[PDB]
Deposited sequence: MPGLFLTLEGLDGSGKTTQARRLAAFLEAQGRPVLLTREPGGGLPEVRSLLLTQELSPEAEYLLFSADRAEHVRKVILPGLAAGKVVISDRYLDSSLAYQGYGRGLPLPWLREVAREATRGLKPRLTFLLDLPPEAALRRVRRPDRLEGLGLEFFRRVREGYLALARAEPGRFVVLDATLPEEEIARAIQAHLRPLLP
């Protein structure tokens, strides 16, 4: 039961904006909704750990995964079991784009760590707000270009799961597009 949805995209791409608009939209339709986010939905203190200066990308990813493991077990799976629409503002694809394409960590390793962390849980749809890198720990332009292109590659590899939207479109037009993709599921 339940429906698992996520929002993805670069910093400043509108994920939180659209995630919250979606939650209220579905709540107004009488649907039970659980709005959550990463990092911090499993282990809130992970945000502190993530700020540590000079963190290796390996330790960085392992922190995101620790949070993700707790998040899936304690928040997402129980919410879905109750028949809720669970919306996560970021999920695993964030690590793949940032720690994989951005930091250069090997994707298969990321995936293998993820397999137990997530228990294989994948969103039914993922809305990728595609933002030019200039518009967006070493998070400079070259990193954001890698991450931006990584997300687009992840979307090409799973074109049924990913819905790619132009993040520069007006907020209301993006929301209407998100709603239209959901209409057949809800």
Identify which parts of the deposited sequence carry no C-alpha coordinates, going from the N-terminal end onward. 1, 138-147, 198
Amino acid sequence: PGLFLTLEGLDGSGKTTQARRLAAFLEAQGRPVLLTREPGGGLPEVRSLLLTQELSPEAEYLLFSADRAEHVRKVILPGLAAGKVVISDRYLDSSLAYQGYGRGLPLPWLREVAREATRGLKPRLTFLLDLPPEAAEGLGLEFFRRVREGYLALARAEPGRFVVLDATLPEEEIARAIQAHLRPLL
From here on, numbers count along this sequence of modelled residues.
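Here, rigid core means the biggest group of C-alpha atoms that superpose within 1.5 Å across both forms.
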Would you mind working out which of 51-59 and 27-35 sits farther from this form in 6 other deposited structures of this protein by RMS C-alpha distance, with the rigid core as the fit? 51-59
Comparing 61-69 with 127-135, larger root-mean-square C-alpha distance from this form in 6 other deposited structures of this protein, core superposed, belongs to 127-135
Greater mean Cα temperature factor according to the PDB record, 62-70 or 115-123: 115-123
Quick check on the record: does 22-30 or 153-161 carry the larger mean Cα temperature factor? 22-30
Where the record places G138 (Cα B-factor, split into thirds across the chain): highest
Split the chain's modelled residues into thirds by Cα B-factor; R90 lands in the lowest
By its CA B factor, does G40 count among the lowest, middle or highest third of the modelled residues in the chain? lowest
Please place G100 in the lowest, middle or highest third of its chain according to the CA B-factor in the PDB entry. lowest
By the entry's values, the third containing the CA B factor of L129 is the lowest
